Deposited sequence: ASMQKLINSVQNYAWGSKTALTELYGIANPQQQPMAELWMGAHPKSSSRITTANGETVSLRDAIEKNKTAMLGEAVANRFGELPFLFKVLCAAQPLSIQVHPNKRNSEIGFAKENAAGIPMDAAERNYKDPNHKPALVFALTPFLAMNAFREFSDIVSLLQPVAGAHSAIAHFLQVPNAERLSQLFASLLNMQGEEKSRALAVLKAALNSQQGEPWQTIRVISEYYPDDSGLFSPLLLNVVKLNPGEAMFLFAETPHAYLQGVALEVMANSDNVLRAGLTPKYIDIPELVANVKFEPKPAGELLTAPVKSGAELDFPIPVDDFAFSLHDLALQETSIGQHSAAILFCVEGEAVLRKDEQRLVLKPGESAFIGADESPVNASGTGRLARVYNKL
């Protein structure tokens, strides 16, 4: 078959929604497991599968045996593997604040892990690999997130009501600069004992006297992370509620967090992470600070502005690792073509894909893999298809 309908894995992480994949897509969940992520890709922990001949095979194995034909020459020579993972994320609980280092620093972190030979999966297993981890999130339902530092004057206004929480806050307020923001960020994560309990007590009190956002987001997070220094983060970081159809790119060296809702996510392949709060786990504050860019990002610059050409809505991505587009479907076919492998996912409506004599229908939530050698395919029906591919 030219077009390969995908059999995808669902990670039942404890923070997933018990209902979102079922309500959206009709995916069965009789046992009422938390269904956190639906994976579309070739990840070695749980590759998607394809059907041949009759059997099913791992997409990862099938790509390994036929890299040029499947990935396209450009991807096969640049990356040697499918260079992204594509997911539906269903966050029923807020997730950790994370930073991903850039490519060069990821290569260093990786070597350090290896040299001062940390196991693989241990405490500071923060650099599992030498790859960066750029990502784009695309909201399927209203999606609450934190992303990037606020304008410094915005941080000032938000911290005034909690000036007594911590001397690092007063220190920043006296001179609101990137240096003192860095110090504040590290002091907050490093708070212990009575210092931390004083600070959390002042924040918690401010929630009674301060209404609206980001105070309301703090309240929402505090249900899951009552004792976490990351409760201050919404005062430093932009809180964004994406409407369905909006997207945001997660830059290197930039703190962010997924807090609530359902989204598509596409990312480069890396299992690396530097956590920056909302976690009981491993935080290396010096390493974190060394890989954070303490520069504000204005609210108007957070969303990716897409570009519409005929039926295609492209979301320009500033890395080569992946590209992402939405495609409107109609009765008249449209040709969807690319130089690379592509994964097509039915967002809503119903997609009929055609390649010569083959026709493959996708209902919402279903996806197909299109080998590079099988491009273009023609798409018709109703609704929208999302595509992940490579523009190399």
{"item": "Ranges of the deposited sequence (numbered from 1) for which no C-alpha atom is modelled", "value": "53"}
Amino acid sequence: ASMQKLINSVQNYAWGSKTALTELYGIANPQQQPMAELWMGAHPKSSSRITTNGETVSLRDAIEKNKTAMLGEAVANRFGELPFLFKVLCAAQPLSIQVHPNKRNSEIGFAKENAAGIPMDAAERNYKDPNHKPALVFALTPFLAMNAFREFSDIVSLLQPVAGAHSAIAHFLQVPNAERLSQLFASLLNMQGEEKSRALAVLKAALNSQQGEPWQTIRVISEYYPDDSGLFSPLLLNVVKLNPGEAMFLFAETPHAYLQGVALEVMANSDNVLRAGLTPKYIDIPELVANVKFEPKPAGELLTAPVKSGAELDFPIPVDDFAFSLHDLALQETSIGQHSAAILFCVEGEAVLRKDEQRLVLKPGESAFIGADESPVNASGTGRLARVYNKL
From here on, numbers count along this sequence of modelled residues.
| query | finding |
| --- | --- |
| Selected stretch [higher average CA B-factor]: 133 to 141 or 225 to 233 | 225 to 233 |
| Selected stretch [higher average CA B-factor]: 58 to 66 or 336 to 344 | 58 to 66 |
| Residue selected from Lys204, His256, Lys241, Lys308 by maximal Cα B factor | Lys204 |
| Per the PDB entry, maximal CA B factor within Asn77, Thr279, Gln98, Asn147 | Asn77 |
| CA B-factor placement of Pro44, once the chain's modelled residues are sorted into thirds | highest |
| Position of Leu362 among the chain's modelled residues by C-alpha B-factor, lowest, middle or highest third | middle |
| Record-listed C-alpha B factor of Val377: chain third | highest |
| Third of chain Cα B-factors occupied by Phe110 | highest |
| Chain-relative CA temperature factor third for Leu288 | middle |
